[PDB]
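Input: a single structure, listed below in C-alpha cells.
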Amino acid sequence: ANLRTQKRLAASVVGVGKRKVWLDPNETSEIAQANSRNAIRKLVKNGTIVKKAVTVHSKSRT
Amino acid sequence: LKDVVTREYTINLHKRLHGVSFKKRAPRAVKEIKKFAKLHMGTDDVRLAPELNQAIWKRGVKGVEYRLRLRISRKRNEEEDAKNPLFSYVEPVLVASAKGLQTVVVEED
Amino acid sequence: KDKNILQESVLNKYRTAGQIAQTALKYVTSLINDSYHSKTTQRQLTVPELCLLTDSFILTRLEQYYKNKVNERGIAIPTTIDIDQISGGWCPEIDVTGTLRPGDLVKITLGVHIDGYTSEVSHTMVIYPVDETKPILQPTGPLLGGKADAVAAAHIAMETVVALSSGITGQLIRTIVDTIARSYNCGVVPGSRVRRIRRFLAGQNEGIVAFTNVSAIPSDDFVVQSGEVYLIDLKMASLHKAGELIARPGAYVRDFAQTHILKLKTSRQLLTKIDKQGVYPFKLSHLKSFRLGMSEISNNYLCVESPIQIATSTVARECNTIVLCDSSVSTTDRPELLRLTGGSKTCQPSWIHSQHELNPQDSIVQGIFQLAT
Amino acid sequence: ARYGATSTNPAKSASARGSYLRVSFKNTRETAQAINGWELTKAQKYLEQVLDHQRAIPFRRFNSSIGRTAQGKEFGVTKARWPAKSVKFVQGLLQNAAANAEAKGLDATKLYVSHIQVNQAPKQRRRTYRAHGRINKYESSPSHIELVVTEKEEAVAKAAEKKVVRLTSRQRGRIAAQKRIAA
RNA sequence: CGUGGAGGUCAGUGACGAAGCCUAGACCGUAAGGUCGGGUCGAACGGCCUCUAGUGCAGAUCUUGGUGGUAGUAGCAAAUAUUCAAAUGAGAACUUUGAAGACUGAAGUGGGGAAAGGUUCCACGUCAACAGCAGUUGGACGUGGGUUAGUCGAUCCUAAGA
Numbered sequence: 002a003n004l005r006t007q008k009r010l011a012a013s014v015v016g017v018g019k020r021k022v023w024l025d026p027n028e029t030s031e032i033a034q035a036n037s038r039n040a041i042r043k044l045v046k047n048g049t050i051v052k053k054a055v056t057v058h059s060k061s062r063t
Numbered sequence: 004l005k006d007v008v009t010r011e012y013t014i015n016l017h018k019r020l021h022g023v024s025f026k027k028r029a030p031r032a033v034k035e036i037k038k039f040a041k042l043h044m045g046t047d048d049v050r051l052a053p054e055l056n057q058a059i060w061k062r063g064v065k066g067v068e069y070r071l072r073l074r075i076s077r078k079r080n081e082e083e084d085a086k087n088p089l090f091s092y093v094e095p096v097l098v099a100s101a102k103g104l105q106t107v108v109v110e111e112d
Numbered sequence: 015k016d017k018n019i020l021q022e023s024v025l026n027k028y029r030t031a032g033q034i035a036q037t038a039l040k041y042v043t044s045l046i047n048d049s050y051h052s053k054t055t056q057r058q059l060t061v062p063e064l065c066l067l068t069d070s071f072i073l074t075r076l077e078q079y080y081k082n083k084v085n086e087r088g089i090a091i092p093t094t095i096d097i098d099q100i101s102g103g104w105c106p107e108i109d129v130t131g132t133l134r135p136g137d138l139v140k141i142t143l144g145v146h147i148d149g150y151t152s153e154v155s156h157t158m159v160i161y162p163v164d165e166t167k168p169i170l171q172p173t174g175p176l177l178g179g180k181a182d183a184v185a186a187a188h189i190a191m192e193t194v195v196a197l215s216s217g218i219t220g221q222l223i224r225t226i227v228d229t230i231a232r233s234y235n236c237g238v239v240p241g242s243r244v245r246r247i248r249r250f251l252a253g254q255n256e257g258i259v260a298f299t300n301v302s303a304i305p306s307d308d309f310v311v312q313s314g315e316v317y318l319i320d321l322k323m324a325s326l348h349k350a351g352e353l354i355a356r357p358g359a360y361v362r363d364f365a366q367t368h369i370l371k372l373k374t375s376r377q378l379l380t381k382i383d384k385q386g387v388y389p390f391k392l393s394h416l417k418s419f420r421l422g423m424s425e426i427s428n429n430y431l432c433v434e435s436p437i438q439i440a463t464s465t500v501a502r503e504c505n506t507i508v509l510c511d512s513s514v515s516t517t518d519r520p521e522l523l524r525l526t527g528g529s530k531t532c533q534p535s536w537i538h539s540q541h542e543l544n545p546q547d548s549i550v551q552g553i554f555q556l557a558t
Numbered sequence: 002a003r004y005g006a007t008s009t010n011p012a013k014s015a016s017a018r019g020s021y022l023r024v025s026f027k028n029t030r031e032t033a034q035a036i037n038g039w040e041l042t043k044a045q046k047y048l049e050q051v052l053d054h055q056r057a058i059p060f061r062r063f064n065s066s067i068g069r070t071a072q073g074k075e076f077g078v079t080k081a082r083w084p085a086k087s088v089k090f091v092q093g094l095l096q097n098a099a100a101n102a103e104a105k106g107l108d109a110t111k112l113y114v115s116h117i118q119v120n121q122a123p124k125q126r127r128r129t130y131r132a133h134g135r136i137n138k139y140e141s142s143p144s145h146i147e148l149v150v151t152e153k154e155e156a157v158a159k160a161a162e163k164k165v166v167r168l169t170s171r172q173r174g175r176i177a178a179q180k181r182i183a184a
C-alpha cells in the first residue's frame, strides 16, 4: 500500500510540499483504487485534502 | 463476567524516572502502562488510541505538567483474540491539577 | 431479500418487452433478403444494416412504453445475425460486413428489457429472393437436406424444452435435447447454457446445459421452481464443437462483480459511459474512442466478451423466454409456463422437409414423439 | 529417503520435517534431547510457556560464552535459554503429524516422540565481504528437524530363556543327593 | 609383493551380480599383501610367464578445492528518539497513510548541469538465493512502456597541439 508516489505527485501540481497535505484513514477503499493524479484535485473542494494549522514564523516581535 | 466498569485511576507520567534516558522514556512506558493496566484491570494486550498518545507527548517528551487525570475504561474484545478480552482503554481529559481526587466511578449517566 | 418477490407488474413488464421483441424479430425476418434482391428494391442488406435497424427499432418501441418512466428500458442483447456456420454473437462494427445470399441460413438473436426485465428471442430461417421477381416460387418449395435437418432438430428441441416447468430437473432438458438432435443426426453445440433471468441479470448461475464428461461434473444440477424465468436457448449443429476462429468480439457486458482502477482517462471515461447503459450486453457499435477504452477494461475483466464462434460447410437456433409459476385451479396447484417470445420464435413447420424424423418405435426414441405431440 | 534407527514399528508412526525455514539445527537439538521422555501433550503446552519465558531447556553442550539463567534449578545446569522463534517451527512438525496417523487409524494420545532426527540444511553461492584476504564463504546452515513418535509399553514379556549350562556327571548326582534330604 | 597399461595362454570368469569403498568377520606369512562372507552398487573382470617406467608416499613457507576445535565466539558505540493508532498480512520496534514529539538550520541529505555509467529512473507483479538482524516496501529477480526539436549545445572556425 505504498502511497509515497501519490504524495510526491502532489508536489508537481502547484507547489504544495509533502507534509502540508491531509488525507484520511477512513476512505482507504478510495485512495487505493485511485492510485494517480486523476482523482486528487477533485478531492479538495468536496472536503478531503486540507492544510489547516501550520507552525510558522512571525515578525510581530520585531 | 465481562464486568465493564469505567474508573479513573491516579497515575502520573512525568515523575517516574530513574536511570532512564529522556529519549527512551517511551519503551519504559510500554512496560508501565501495560503494567498499570495489569495491576488494576488485569490484561496484557492493551490497545491505545491516537488521542491517547497525544496525552503523553504534550509539549515535549516530558510535556506532562503536574498531576493529570486518566480514565481507564475496561471493555470487551472479540474478533478471535488470543489474550484476555478484558483489555484497557485510557480516556484522556482536560485537567490542570489533581488535588483531593482518588477515583471517580463513571456509570452510563 | 426481494420483497414482492413476484408482482403482477413484473409480469406485465416481461410481456410488454416480449411483445416488442417479437415484433422486431418479425420485422427483421421480413427484411432479410438476398443482396441482389435488395438491390432491385434499391436497398441493401448486410450483416450490419439489419443489426442497426433492429437495435433502433427496439429503442423506438421501448420509448413508447414506460417512456420517460422513472427507470430504464431498451436493448437487453444487441441484435446479432449469425449465418450458416457461425454460431452466434455476430454484430459487426462499421469497420467486414456480410451480405445475405439466397439459401443462406440465418439466425437472429435479440433481447429487450423493460425496467431490467429481459425478454430474449432468437429465430432461424432461410433467405429467399424478392417475391416480385420469383412470385411464390419460394413458398411452393420447401427446404431440404441438412439445413432442413438442423432446423427441424433445433425447433423440436425448442418444443421439447417448452414442455419440460416446476418440479423438473435441468438434466431432463439436456437429455431430451440430445435424443431429439440425434434423431436427425445433428448435435447440440457443446456446453452452451440457458439462463434463469432476474431483473437486471441476463447471466444467472442456474442454467441448463447443452456437455462433455468434463463439464458434466462442473455443471450444477438444479430443479426449476415456480416464479422462475428462463431464456431457453437451443443451438444445434449438423456437424458440435464450436470454436473461436478469429473474429472481433463486438459484444460486451459490464461485470459488476469486478472492480479495478483503470490508468487511462479514456478507459475511465469509457467505463463511466458504459455503466450508464441499462443492459448488460451492449455492442461496441454503440466507434473510435471505444476501441481504446475496451482494451483496458476487458483486460481487467471489467467487461466480459461475447465471442463469435464457428462450426465451414455445416447451425440453427431457437430461443424463447418463459415464465414459470404456480397456478391454482380446481383446488390444485400446478406449475405452468407462459411463453413471452410469441410469434417471433415460431417457424413454419411445413416449410421444412427432412428424411429423418424422431422415431418412437425404437426403444431409445420412444416417448419423445408423445412428448412432442 | 528413509529415516533413523527403527527402534519401533515404522508402520504405526508419523513424522514431519521443517527445512529451509529459519532457526538453526543445534538450537532445536537441546529441546529435542529433553523431550525424550515426555508424553506428546507435555510438549504442546510447553510451546506457550516459551513465549512467556517460563521454562528453558538446559543448554548443557553449549557452555562457552553462554550466559546463565535463573531457570536452572529445574533440572541441574543453570545455563539455559528459551527457543522462542523455534516454537513456530516445532508446531510445524507437530499437529500435522497427528493428522498423518489419523488416516492410518491411530490416535495421537499415546504415541509420544522419542526418536527425533536433525541434520544440516544445504548451502548456496554465498561469499563474505571482509578484509579482502579474509573472504572465504558466507554460507551457513538452516535446519533439517524431524521427529518420530513412538507408542508406549505394550506387553513387554521378558521371556526368561532355559539357560543351557554344561552339567557334569558329578553334578547331576550332587543335586539328586540334595533333593533326598531337604526336598 | 601391489597398482595402471600392451601381447600370448588356461579356447577362464561374467544379471545364480565384475571391479571399487566400509566392515568392534575369519585363515596363511618375520616384514611388502591376497582370497572368502554380508551390505551398498549393476557393467565387461582377474591370475601366471614377458615388455614398458609419468605406478606406491605425513613435511619441500609445496599447488587447487572442501571441511573442525576455537565457536552457537569477538565485533554489531561517528552523527540527540523512540512510542501510540489505522489499513494489509500466517508473521511487523523499522516500508505505506494520518497525528504527536524531533534532528539537519540554504557553507545541509535541497532544487538544476558536465564526466563516469546506458536501462540503476517511472508503472505492474513477486519473496527460493544475495541484500552480514528484521523488512508485503526497495537500487535483488521476471513481465512492459516512454526516446518527437530550424532556435539553449554539439557539428563548422581558431590558439596551444597533433
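Protein chains in written order, with UniProt numbering: chain S, 2 to 63; chain W, 4 to 112; chain L, 15 to 109, 129 to 197, 215 to 260, 298 to 326, 348 to 394, 416 to 440, 463 to 465, 500 to 558; chain C, 2 to 184. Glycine included, each C-beta is placed from N, C-alpha and C at the ideal position.
(message) By the three-class DSSP mapping on this structure, what secondary structure does L:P357 have?
(response) For the purposes of this step, residue 357 of chain L is taken as residue 249 along the third sequence, with counting starting at 1. DSSP places L:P357 in coil when its eight states are reduced to three.
(request) Report the residue from L:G253, L:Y234, L:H146 and L:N235 whose alpha carbon sits nearest the alpha carbon of L:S242. (result) For the purposes of this step, residue 242 of chain L is identified with residue 192 of the third sequence, where counting begins at 1. Residue L:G253 is the option with its Cα nearest to L:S242.
(message) Whole angstroms are fine: how far does the CA of C:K43 sit from the CA of L:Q366?
(response) As a first step, residue 366 of chain L must be located in the third sequence, where it is residue number 258. As a first step, residue 43 of chain C must be located in the fourth sequence, where it is residue number 42. Between L:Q366 and C:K43, the C-alpha separation is close to 49 Å.
(request) Could you name the residues that DSSP lists as bridge partners for C:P59? (result) Walking along the fourth sequence from the start, residue 59 of chain C turns up at place 58. For C:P59, which the question treats as bridged, DSSP gives the partners C:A81.
(message) Does the CB of S:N36 have a neighbour CB from chain L at under 8 Å?
(response) Taking the first sequence and counting its residues from 1, one reaches residue 36 of chain S at position 35. With 8 Å as the cut-off, S:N36 counts as an interface residue toward chain L.
(message) Check whether the stretch 143 to 153 of chain L and the stretch 101 to 109 of chain L touch, using three or more Cβ-Cβ pairs below 8 Å as the test.
(response) no
(message) Let's see if you can read the secondary structure: which residues bound the alpha helix (DSSP H) around L:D228?
(response) To locate residue 228 of chain L, count along the third sequence from 1; it is residue 178. Element bounds for L:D228: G220 to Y234.
(message) With a threshold of 8 Å between beta-carbons, can S:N47 be considered close to chain L, or not?
(response) In the first sequence, counting from the first residue as 1, residue 47 of chain S sits at position 46. Not an interface residue.
(request) Name the two residues that bound the continuous beta strand (DSSP E) containing L:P520. (result) In the third sequence, residue 520 of chain L corresponds to position 335, counting from 1. Taken as a continuous stretch (DSSP letters only), the beta strand (DSSP E) holding L:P520 covers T517 to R524.
(request) Kindly confirm or deny that the stretch 46 to 59 of chain L and the stretch 23 to 37 of chain L touch, where touching means at least three C-beta pairs closer than 8 Å. (result) Three or more beta-carbon pairs separated by less than 8 Å are not found between the stretch 46 to 59 of chain L and the stretch 23 to 37 of chain L, which leaves the two stretches without contact.
(request) Measure how close the beta-carbons of L:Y234 and L:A196 come, nearest whole angstrom, since I'm counting them as under 8 Å. (result) As a first step, residue 234 of chain L is located in the third sequence; it is residue number 184 there, counting from the start. As a first step, residue 196 of chain L is located in the third sequence; it is residue number 163 there, counting from the start. Going by Cβ atoms, the distance from L:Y234 to L:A196 rounds to 19 Å, so no, they are not a contact pair.
(request) Would you tell me roughly how many angstroms separate the C-alpha atoms of C:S8 and C:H116, rounded to the nearest one? (result) Looking up residue 8 of chain C in the fourth sequence gives position 7. Looking up residue 116 of chain C in the fourth sequence gives position 115. One C-alpha to the other measures close to 8 Å.
(message) I need the straight-line Cα distance from S:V15 to L:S427, nearest angstrom please.
(response) Within the first sequence, residue 15 of chain S is the residue found at index 14, counting from 1. Within the third sequence, residue 427 of chain L is the residue found at index 298, counting from 1. Each residue's alpha carbon lies about 35 Å from the other.
(request) On the DSSP bridge assignment, give the partners of W:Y69 in chain order. (result) Working through the second sequence from its first residue, we reach residue 69 of chain W at position 66. W:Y69 pairs with nothing; no bridge assigned.
(request) Ignoring anything shorter than 4 residues or poking outside the stretch 150 to 178 of chain C, list the alpha helix (DSSP H) runs there in chain order. (result) 170 to 176
(message) For C:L148 and S:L24, I'd like the C-alpha separation in whole angstroms.
(response) If you number the fourth sequence from 1, residue 148 of chain C lands on position 147. If you number the first sequence from 1, residue 24 of chain S lands on position 23. In a straight line, the C-alpha of C:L148 is about 53 Å away from that of S:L24.
(request) May I ask which residues mark the beginning and end of the beta strand (DSSP E) holding L:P92? (result) On the third sequence, position 78 is the one that residue 92 of chain L refers to. From DSSP, the beta strand (DSSP E) with L:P92 extends over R87 to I95.
(message) At the 8 Å Cβ level, is S:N39 part of the contact set with chain L, yes or no?
(response) For the purposes of this step, residue 39 of chain S is identified with residue 38 of the first sequence, where counting begins at 1. Chain L contact via Cβ: present.
(message) How far does the alpha helix (DSSP H) with C:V91 in it extend, from its first residue to its last?
(response) Numbered from its first residue, the fourth sequence carries residue 91 of chain C at position 90. Where C:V91 is concerned, the enclosing alpha helix (DSSP H) stretches over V88 to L94.
(message) For a cutoff of 8 Å on Cβ pairs, would you count L:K373 as touching chain S?
(response) For the purposes of this step, residue 373 of chain L is taken as the residue at position 265 of the third sequence. Yes - at least one Cβ of chain S is within 8 Å of the one on L:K373.
(request) Express the C-alpha separation of L:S155 and L:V42 in angstroms, rounding to a whole number. (result) In the third sequence, residue 42 of chain L corresponds to position 28, counting from 1. In the third sequence, residue 155 of chain L corresponds to position 122, counting from 1. Distance between the alpha carbons of L:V42 and L:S155: 11 Å.
(request) Ignore the nearest five residues each way along the sequence and tell me which others in C:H145's own chain have a CB closer than 7 Å to its CB. (result) For the purposes of this step, residue 145 of chain C is taken as the residue at position 144 of the fourth sequence. The answer, listed in chain order, is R18, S20, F26, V119, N120, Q121 and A122.
(message) For L:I369, would you say it is in contact with chain S, using Cβ-to-Cβ distances shorter than 8 Å as the test?
(response) Counting from one through the third sequence, the residue named residue 369 of chain L turns up at place 261. True, the Cβ-Cβ gap to chain S drops below 8 Å.
(request) Please look up how many angstroms separate the CB atoms of L:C105 and L:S393, rounded, as I've assumed it's under 8 Å. (result) Numbered from 1 along the third sequence, position 91 holds the residue referred to as residue 105 of chain L. Numbered from 1 along the third sequence, position 285 holds the residue referred to as residue 393 of chain L. That belief holds up - the Cβ atoms of L:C105 and L:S393 are roughly 7 Å apart, short of 8 Å.
(request) Label L:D48 either buried or exposed according to how many other C-beta atoms from any shown protein chain fall within 10 Å of its C-beta, with 16 as the threshold for buried. (result) Counting from 1 along the third sequence, the entry for residue 48 of chain L is found at position 34. By the Cβ-count criterion, L:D48 is buried, with 16 or more other Cβ atoms from all chains shown falling within 10 Å of its own Cβ.
(request) Check the DSSP bridge columns for L:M158 and list the partner residues they point to. (result) The sequence position of residue 158 of chain L within the third sequence is 125, counting from 1. L:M158 pairs with L:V139.
(request) Examine the Cβ distances between the stretch 36 to 50 of chain S and the stretch 2 to 18 of chain S and report whether three or more of them are shorter than 8 Å. (result) yes
(request) Enumerate in chain order the residues of its own chain whose CB-to-CB distance from W:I14 is below 7 Å, with the five nearest sequence positions on each side excluded. (result) What you label residue 14 of chain W is simply residue 11 of the second sequence in a count that begins at 1. Excluding positions up to five away in sequence, the list reads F39 and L73.
(request) Compute the beta-carbon to beta-carbon distance between L:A501 and L:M323, rounded to the nearest angstrom, for a pair I have assumed lies under 8 Å. (result) Position 316 of the third sequence, counting from 1, holds the residue named residue 501 of chain L. Position 236 of the third sequence, counting from 1, holds the residue named residue 323 of chain L. Between L:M323 and L:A501 the Cβ distance is about 5 Å, and since that is below 8 Å, they are a contact.
(request) Look at the alpha carbon of L:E315 and the alpha carbon of L:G217, and state the distance between them as a whole number of angstroms. (result) Sequence index remark: in the third sequence, residue 315 of chain L carries index 228 (1-based). Sequence index remark: in the third sequence, residue 217 of chain L carries index 167 (1-based). When rounded, the distance between both Cα atoms is 12 Å.
(request) Pick helix, strand or coil for L:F250, following the three-state DSSP scheme. (result) Here residue 250 of chain L corresponds to residue number 200 of the third sequence, with the count starting at 1. Looking at L:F250 - three-state DSSP - the assignment turns out to be coil, as it is neither helix nor strand.
(request) Measure from the C-beta of L:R376 to each C-beta in chain S and report whether the shortest distance is under 8 Å. (result) Here residue 376 of chain L refers to the residue found at position 268 of the third sequence. Cβ-Cβ to chain S under 8 Å: yes for L:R376.
(request) May I ask you to verify whether the stretch 138 to 145 of chain L touches the stretch 501 to 517 of chain L, counting CB pairs closer than 8 Å and requiring at least 3? (result) Yes, the stretch 138 to 145 of chain L is in contact with the stretch 501 to 517 of chain L.
(request) Would you please state the rounded distance, in angstroms, between the beta carbons of C:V91 and C:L48? I believe it to be under 8 Å. (result) By one-based count along the fourth sequence, residue 91 of chain C stands at place 90. By one-based count along the fourth sequence, residue 48 of chain C stands at place 47. With 8 Å as the limit, C:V91 and C:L48 qualify as a contact, their Cβ atoms being about 7 Å apart.
(request) Assuming L:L509 and L:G422 form a contact by the criterion Cβ under 8 Å, report the distance between their Cβ atoms to the nearest whole angstrom. (result) The residue given as residue 509 of chain L occupies position 324 in the third sequence. The residue given as residue 422 of chain L occupies position 293 in the third sequence. Contact flag wrong, Cβ pair sits at about 39 Å.
(request) Classify L:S548 as helix, strand or coil using the three-state DSSP reduction. (result) The count along the third sequence starts at 1 and reaches residue 548 of chain L at position 363. The answer is coil: DSSP assigns L:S548 none of H, G, I, E or B.
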